[PDB]
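Worksheet for the structure shown next.
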Amino acid sequence: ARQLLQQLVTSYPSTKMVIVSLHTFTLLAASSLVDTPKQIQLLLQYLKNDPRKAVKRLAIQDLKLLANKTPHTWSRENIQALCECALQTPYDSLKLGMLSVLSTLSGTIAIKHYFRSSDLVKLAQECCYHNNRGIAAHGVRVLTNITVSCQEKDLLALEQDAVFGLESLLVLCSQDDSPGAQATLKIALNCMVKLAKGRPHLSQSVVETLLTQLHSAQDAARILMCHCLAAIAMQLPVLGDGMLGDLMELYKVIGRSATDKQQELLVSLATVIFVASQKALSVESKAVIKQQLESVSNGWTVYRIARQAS
Amino acid sequence: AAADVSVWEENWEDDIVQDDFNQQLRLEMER
Amino acid sequence: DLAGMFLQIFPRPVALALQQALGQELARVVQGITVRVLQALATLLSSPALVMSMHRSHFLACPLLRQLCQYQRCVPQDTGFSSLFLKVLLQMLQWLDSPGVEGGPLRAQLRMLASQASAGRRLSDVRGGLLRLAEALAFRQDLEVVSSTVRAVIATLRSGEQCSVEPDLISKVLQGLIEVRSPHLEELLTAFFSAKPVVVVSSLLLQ
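Chains as they are written, first to last, in PDB author numbering: chain g, 214 to 328, 340 to 534; chain r, 1030 to 1060; chain a, 1360 to 1370, 1373 to 1393, 1401 to 1416, 1420 to 1566, 1578 to 1589.
Here is the structure:
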């Protein structure tokens, strides 16, 4: 079947025919998992050489499928070829696709098999400062995965590159309040949570970035960063004391004008208040009760905040 | 071509699953 | 002031405040200080350095350049901001092209920004540009120049009308681009055949 599919791709090089044939070859390689290395090599060859954007897009989708299925079978040469392709392509959609494949790979053991300043790190650093938000999210995800998975001390210089890329991505995604921006914001905040777990000495800077960005972000973004702060403070409660002032101030200013979307913001803020409080509450408790009783006729908000308190 | 990931993996606010008890409680006490 | 702001950032929370201010300005503009900070940066680049400090601290410089480019993209009709942005990008490229600095994310980001800026402009002569491409592809050197010229030709074909045919010239250029394996072949063919194409394609396939 492999020989027949090779004969088909060489002898029927139409866009439809080559797409169906390459997808079928990829699925056959995934099912048989013996030709999978040379299938990856073939897909990278088509990605690099074939100029058709559709063929490249299929190659990206198939490599993402193989990365999800058999990341361990990827060699160093395969990842090097993919990184080179991502580096020297001019089109942003294709670059975003290859970085999606590479971010899938970096979350697996393929990163350990890949290992200095290599093409992967150079690409990830270049991509995390891209104008495109999706490319930036994928690049900073690759950087975060490298930082938390590889404790090798030759690449601790990108530890702060990862932190600052996450912070810049926060600044980029906070004001938009658009679904694509919300998706990139979720990616960035998940990466920050992962980075706080993996490298606890960076937790203070991550928390400070989140707190400073809380005062200048939209409501949906505020809810997402409240979830991020709740995660970080649940795992590392020592940072709770440092975030109480900013969170309480934002709780005061939100509750004065809390109309429709601020109910979710109110429960998120109360959740981080309760999580970040190692001890009980005396004045913060009074502030929360006052903010509830003053305006909130929404019983559901009160119930969810009481659930978090208990 | 996208994927979904959650910022906080024990966040009780996610509406991924809606149960009857909380449904009637919400519909009964939300204003 | 802003010059002192720059001399305090690169050689840290104040840079965070600057980033927040730039984001606020971007949100305000897209809903309805950037020029001041850009002019301060340009005047500082005029005097003697700061680029090497931005190279060693690219995690500060690159978000700022990203914010400024997004400002430029939001309001491209505000001429004077875009020209000065291109000027400072070229100034940094001149100041960073020395071999001793080695690699760096900052250089790649600036080169990408310059290429993006140079792609949004037309080119006058289709025949002249195509002949330029023909001999440039004959030497097969200056691949960045080749890519920029092909992008200009694509923009020209997007906006302009069809110039002289010259099937031999167009076939030679297509064959050369196939040999060099440029990534812009598909876009070039789309732009070319949007405007004889069958004879050209058949002759290319036969060879």
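For every residue, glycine included, the Cβ atom is placed at its ideal position computed from N, Cα and C.
request  = Look at the Cβ atom of a:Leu1412, then the Cβ atom of a:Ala1362, and state whether they are nearer than 7 Å.
outcome  = In the third sequence, residue 1412 of chain a corresponds to position 44, counting from 1. In the third sequence, residue 1362 of chain a corresponds to position 3, counting from 1. Yes, these two residues count as a Cβ contact at 7 Å.
query = My guess is that g:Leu344 and g:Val314 are in contact by the Cβ rule of under 8 Å, so how many angstroms apart are they, rounded?
reply = Locating residue 344 of chain g in the first sequence gives position 120, counting from the first residue. Locating residue 314 of chain g in the first sequence gives position 101, counting from the first residue. 12 Å between Cβ atoms; not a contact.
query = Counting Cβ pairs, one atom from each stretch, are 3 or more of them under 8 Å apart for the segment 469 to 482 of chain g and the segment 433 to 447 of chain g?
reply = yes
query = Using the C-alpha atoms, what's the distance from g:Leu347 back to residue 1660 of chain a?
reply = An answer regarding residue 1660 of chain a cannot be provided, because it is not within the stretch 1360 to 1589 covered by chain a.
query = Quick one: Cα of g:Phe328 to Cα of g:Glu290, how far?
reply = Residue 328 of chain g sits at position 115 when you count from the first residue of the first sequence. Residue 290 of chain g sits at position 77 when you count from the first residue of the first sequence. So the alpha carbons of these two residues sit roughly 11 Å apart.
message = Could you give the first and the last residue of the continuous alpha helix (DSSP H) run that contains a:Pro1579?
response = For the purposes of this step, residue 1579 of chain a is taken as residue 197 along the third sequence, with counting starting at 1. That run of the alpha helix (DSSP H) goes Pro1579 to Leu1588.
inquiry  = Measuring alpha carbon to alpha carbon, tell me which residue in a:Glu1532, a:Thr1450, a:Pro1554 and a:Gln1367 is nearest a:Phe1563.
reply    = Working through the third sequence from its first residue, we reach residue 1563 of chain a at position 192. Minimum Cα distance to a:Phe1563 is reached at a:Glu1532.
Range of the contiguous alpha helix (DSSP H) that encloses g:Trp524 = Start at 1 with the first residue of the first sequence, and residue 524 of chain g comes out as number 300. Run containing g:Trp524: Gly523 to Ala533, per the alpha helix (DSSP H) assignment.
request  = Say whether the segment 428 to 438 of chain g touches the segment 385 to 400 of chain g, bearing in mind that this needs 3 or more beta-carbon pairs closer than 8 Å, one atom from each stretch.
outcome  = yes
query = By DSSP, does r:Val1046 sit in helix, in strand, or in coil?
reply = What you label residue 1046 of chain r is simply residue 17 of the second sequence in a count that begins at 1. DSSP places r:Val1046 in coil when its eight states are reduced to three.
key: g:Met449 - containing alpha helix (DSSP H), residue span   = The sequence position of residue 449 of chain g within the first sequence is 225, counting from 1. Residues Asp443 to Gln459.
key: Whole-angstrom C-beta distance between g:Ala243 and g:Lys277, which should lie under 8 Å   = Position 64 of the first sequence holds residue 277 of chain g. Position 30 of the first sequence holds residue 243 of chain g. Actually they do not touch by this definition, with Cβ atoms about 12 Å apart.
ask   = Interface residues of chain a around g:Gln487 at Cβ under 9 Å?
value = Sequence index remark: in the first sequence, residue 487 of chain g carries index 263 (1-based). Within chain a, no residue comes near g:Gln487; the closest Cβ sits about 23 Å away, beyond 9 Å.
task = Could you spell out the range, first to last residue, of the alpha helix (DSSP H) harbouring a:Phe1369?
result = Start at 1 with the first residue of the third sequence, and residue 1369 of chain a comes out as number 10. Element bounds for a:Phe1369: n/a, residue is neither H nor E.
ask   = Taking the Cβ atom as the reference point for each residue, do r:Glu1059 and g:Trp524 lie within a distance shorter than 7 Å?
value = Start at 1 with the first residue of the second sequence, and residue 1059 of chain r comes out as number 30. Start at 1 with the first residue of the first sequence, and residue 524 of chain g comes out as number 300. Against a cut-off of 7 Å, the Cβ pair of g:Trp524 and r:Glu1059 comes out as a contact.
message = Excluding the 5 residues flanking a:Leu1460 on each side, which residues of the same chain have their C-beta closer than 6 Å to its C-beta?
response = Here residue 1460 of chain a refers to the residue found at position 89 when the third sequence is read from its first residue. Within the same chain, a:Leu1460 has close Cβ partners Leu1481, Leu1484 and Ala1485.
request  = Give me the Cα-Cα distance between a:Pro1416 and a:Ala1408, rounded to the nearest whole angstrom.
outcome  = Mapped onto the third sequence, residue 1416 of chain a falls at position 48. Mapped onto the third sequence, residue 1408 of chain a falls at position 40. Rounded to the nearest angstrom, the two C-alpha atoms are 13 Å apart.
query = Could one say the Cβ of g:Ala242 lies closer than 7 Å to chain r's Cβ atoms, at least one of them?
reply = For the purposes of this step, residue 242 of chain g is taken as residue 29 along the first sequence, with counting starting at 1. No, its Cβ sits nowhere closer than 7 Å to a Cβ of chain r.
request  = Please confirm whether a:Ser1469 and a:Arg1498 have their CB atoms less than 7 Å apart.
outcome  = Numbered from its first residue, the third sequence carries residue 1469 of chain a at position 98. Numbered from its first residue, the third sequence carries residue 1498 of chain a at position 127. Going by C-beta atoms, a:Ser1469 is not nearer than 7 Å to a:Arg1498.
g:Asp385 at chain a interface by Cβ criterion, 7 Å = The residue given as residue 385 of chain g occupies position 161 in the first sequence. So yes, g:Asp385 belongs to the interface.
query = chain a beta carbons: is any one of them nearer than 7 Å to that of g:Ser342?
reply = Along the first sequence, read from residue 1 onward, the residue named residue 342 of chain g stands at position 118. Output row for g:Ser342: interface = no.
message = With the cut-off set at 7 Å, would you say a:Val1517 and a:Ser1542 are in Cβ contact?
response = Your numbering for residue 1517 of chain a matches position 146 in the third sequence. Your numbering for residue 1542 of chain a matches position 171 in the third sequence. Not closer than 7 Å, so no.
request  = Could you please give the first and the last residue of the uninterrupted alpha helix (DSSP H) stretch that includes g:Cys351?
outcome  = Position 127 of the first sequence holds residue 351 of chain g. From DSSP, the alpha helix (DSSP H) with g:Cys351 extends over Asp343 to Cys351.
task = Return no unless some Cβ of chain r is closer than 7 Å to the Cβ of g:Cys415.
result = Counting from 1 along the first sequence, the entry for residue 415 of chain g is found at position 191. So, not an interface residue.
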